[PDB]
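Order as written gives the chain letters A, B, C, D and E; numbering starts at 1 within each chain.
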Amino acid sequence: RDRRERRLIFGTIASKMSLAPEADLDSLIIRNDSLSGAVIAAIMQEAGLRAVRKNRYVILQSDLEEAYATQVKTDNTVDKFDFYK
Amino acid sequence: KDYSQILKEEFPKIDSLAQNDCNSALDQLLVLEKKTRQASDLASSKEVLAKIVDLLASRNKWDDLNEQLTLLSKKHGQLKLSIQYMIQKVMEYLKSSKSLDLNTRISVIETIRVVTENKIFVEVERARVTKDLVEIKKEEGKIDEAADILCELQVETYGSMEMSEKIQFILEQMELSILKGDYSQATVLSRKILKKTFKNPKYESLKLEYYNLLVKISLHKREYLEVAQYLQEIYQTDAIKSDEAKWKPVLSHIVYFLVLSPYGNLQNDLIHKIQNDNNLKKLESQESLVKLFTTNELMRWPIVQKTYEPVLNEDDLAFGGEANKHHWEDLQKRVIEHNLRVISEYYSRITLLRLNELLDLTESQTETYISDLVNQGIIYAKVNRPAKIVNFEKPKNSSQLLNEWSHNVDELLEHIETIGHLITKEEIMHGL
Amino acid sequence: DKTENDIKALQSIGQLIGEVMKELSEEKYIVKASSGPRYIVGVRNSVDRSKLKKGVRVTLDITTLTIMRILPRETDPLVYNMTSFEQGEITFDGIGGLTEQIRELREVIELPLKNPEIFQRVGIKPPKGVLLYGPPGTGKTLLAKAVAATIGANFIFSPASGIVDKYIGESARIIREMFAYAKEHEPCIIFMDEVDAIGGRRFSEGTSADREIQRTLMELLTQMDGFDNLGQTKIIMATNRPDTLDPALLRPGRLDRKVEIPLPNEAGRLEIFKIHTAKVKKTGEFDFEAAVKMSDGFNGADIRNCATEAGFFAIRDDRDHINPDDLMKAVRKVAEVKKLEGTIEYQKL
Amino acid sequence: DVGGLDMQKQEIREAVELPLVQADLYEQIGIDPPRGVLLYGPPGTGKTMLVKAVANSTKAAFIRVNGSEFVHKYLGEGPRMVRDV
Amino acid sequence: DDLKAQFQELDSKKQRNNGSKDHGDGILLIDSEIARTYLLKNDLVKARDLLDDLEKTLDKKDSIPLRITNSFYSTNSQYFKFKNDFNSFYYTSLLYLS
């Protein structure tokens, strides 16, 4: 997808979620590379799961960037091809 | 252990201002942290960490005290749940000091990030902290600033905690929403807490708010169908905590609401009511008017409408009163509706000259209320202008006339069957 | 009384058992026999017609072929595949050193079961499946046994190669037999111990007669996908190399949380040496910090090997207490053998 | 509850919800509506809640049969279970 | 207050249906006369309160002949006399005359 088809999924899931008014979802949309629908669903869930151990209720902006690096990597440590020849 | 020697640790810093108290709190922060962490629920004494509050209270401004709570909030604080017991300590010196700190108390609440930002919600404290700030805004004359603060607090609802006290917090915004000038905001709040507390028994202090806020929203709406509904629910069921002397006149306004409303299903329920006939005469006077709905001739109604108005222009326990014109604005419109329903169910056709004398109106005012009831699907009447009559007989097809004739044939067989069995039943007296 | 009950028992005959299929008339129903034919059967006046509806397993007769007794729903009960035979052995005190990764299990198990209302107000959905990966010997198997000795709810042991039994479409029906208890008992968790099998790929080379296995792979793609009620049953899955498993199964929607179980570091192993040596008798003077540096790329289980070899070294010298010198000989004995690889797992994320 | 698929969901409603309402649109225009529908793409992206959203908006008969459940322990039961669907 | 209902009058004997005619043990008769006591002295508020349990008990537990109705319609005879409703007053005195 692109920054168009993806932002409709983030704004739709965030309706049922609880976030902060200062949280910006467009920051991670630019950094999205080769993602899908199931990956986006795991980002919003993990952001709310880590808020319990952090003594938080609504999802902040810092928790979105920390939980994003988990599901973005597509194989093991290598992403796809990583970078090298 | 070391927690019982805290009194003898620092001798001189008690009698002086003790500018080093900020350093003594940081030394005990790292030592007691490793001995607890997240393992033990309660290990270190909460008074040791909260001692910094009692050191500087009336001898220093509250600006420096808020800075200490900011560092403890960003750091661990010797425990993860220690913040729960620290804010409980904050609620002591607030009501015991006051004096010139009331103006600076506003800055103390806004400085704390726990009451502002959302947390794991172990507090059951900040809910009262938010209410204290709103009570200050209401005393300053700001209706909008008071309703907007509690609006965001009710978005996050705690899991259990307070039960009867949480109901008052939900109903608090409904009282301040009408003062803001919009009664539609409190409608959403009435669709949540009411359903959860419907099956749960309510105490005395619980039903005091429902006696007002439920009928206060519909008061500005001028819709009497919802006024006589929620009011009779609390009135009829239980309501034994109040005095029986003031409980009886409450019903006097209930019957008065049925006249201003488009009839209802609660009219026949109050006719058989035991307390409605006896006791206060105003209860029976309005009850006697209920049986006059079918017999209404309109003749004696404006005589009483212009003379006796016990529940009409004088309200005490329900509306409290507004104006003589406001209570009589919709009153005259309903009395016309009571007469038109009788004529439609009695007179098949009547001349306009006689219909105007029975309605005590002109030609323009007569057709105004009649034509409005036709569009509502209540009374269907064909007005004949050339004949100057109004035909109230609704047309029926050939199948409808033959259907009612079939019910009579089956009814005649019931009387033939009934009398047939009465010959044997009455044979005892005849054959005696 | 034992002899008189034998003669009274021989008077009774066998009674078939089948599930109610559909309803034709009030007293006339249809029940499928256990052998696979379907016969139209009758009922009696001694049973309630409300419980005779479709899906209810009833008792038939081998002669008259009529519904007789109503029985609760039980689909192939297996004591080895269902009952855990719980005997307390390992607890959270033996899995120590994983504390950083232990809170990951309690977050998806203890948190949603104790207070499910937290996930509802936040809006997040409770994690369904859980993935356990990493090299063997890190205590991954002990993570499932530590929960069974603590909570006590209904748990299910599911071996990978025990459900592969093949007659006709057998491997596909066994998976549906497990989820039958999920809707009955809500606080249930399905354990998976060392399963690389049912999560395979194998699309078409010619299939090598995988016909029942490919459907078994799809069974995990149905119960955790479709409209069946979920969220009350947690799926704990353990595997060695996730690259062998189907990448579609590892994606979100089935396994929500991937729990990393790496090799315990010097700080993690420090508490592990005292676990394996807790019940082992030794001298008064002991130092476990020596074996910390001696451990090169070991795991939590390999220290038990170090404690086991230390006992046999004292048998030849007639010593009931293991000396610290015999410990360092056994700790390096694992580092002398080697040939276990263990550094080839790149799936840490 | 699912955004960004409006481009894909528009073609689904034409091949599913449209022929179930007005069947004369395909006769007058003369286009044969597809009887079968296959959904491609990497597993875990589409499908899933899409079929549930279409079945809920249609409010009609819906039959969901798993692809691995057709096979039964009995031999000749396989072809009979397919016919009954 | 010395007798009331089922205190001194109930020991070894079952219910004779109160004080209807001649023999009996006072249960509903004393409670009916207390309402009649306050009927000719105090207001009618306390009198009707005691008549509510009498109407529900008469319609629940009764027999073939008419006995309790004599003492029941006796209090209602003077209860509706002071009221403004003469339609229900005739129906009460009609059954009491029977």
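Keep this in mind: a contact is a pair of C-beta atoms (placed from the backbone, for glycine too) under 8 Å apart; a residue touches a chain by one contact, two chains touch by 3 or more.
Engineer: Counting C-beta pairs in contact, does A-C beat A-B or the other way around?
Structural biologist: Counting C-beta pairs in contact for A-C and A-B gives the edge to A-C.
Engineer: Taking each chain's centre as the average of its Cα atoms, which chain lies closest to the overall Cα centroid?
Structural biologist: Looking at where each chain's C-alpha mean falls, the closest to the middle is B.
Engineer: With chain centres taken as the means of their Cα atoms, state the distance from chain B to chain C in Å.
Structural biologist: About 53 Å separates the centre of chain B from that of chain C.
Engineer: When the centre of a chain is set as the mean of its C-alpha atoms, what distance in Å lies between chain C and chain E?
Structural biologist: Between these chains, centre-to-centre, one finds 75 Å.
Engineer: With centres defined as the mean C-alpha position, give me the chain C-chain D separation in Å.
Structural biologist: That gives a centre separation of 35 Å.
Engineer: For chain B versus chain D, what separation do you get between their C-alpha means, in angstrom?
Structural biologist: Chain B and chain D have C-alpha centres separated by 48 Å.
Engineer: Touching two or more other chains, which residues of chain C qualify?
Structural biologist: Where chain C meets two or more other chains at a single residue, that happens at 118, 121, 251-253.
Engineer: Show the residues in chain B shared as contacts by 2 or more other chains, in ascending order.
Structural biologist: In chain B, residues 156 touch at least two other chains, as defined above.
Engineer: So which chains end up touching which?
Structural biologist: A-B, A-C, A-D, B-C, B-E, C-D
Engineer: Which part of chain C faces chain B closely enough to touch in the complex?
Structural biologist: Its residues touching chain B are 115, 117-118, 121.
Engineer: In their complex, what parts of chain C are in touch with chain A?
Structural biologist: For this pair, the touching residues of chain C are 103, 107, 111, 118-119, 121-125, 127, 243, 251-253, 256-258, 346-349.
Engineer: Could you pull out which chain B residues touch chain E in their complex?
Structural biologist: Touch list, chain B to chain E: 274, 278-279.
Engineer: What residues on chain A touch chain B, complex-wise?
Structural biologist: Residues 18, 20, 52, 55-58 of chain A touch chain B in their complex.
Engineer: Using the touch definition from the top, list the residues of chain A that touch chain D in their complex.
Structural biologist: 1, 4-6, 8-9, 11-12, 16, 36-38
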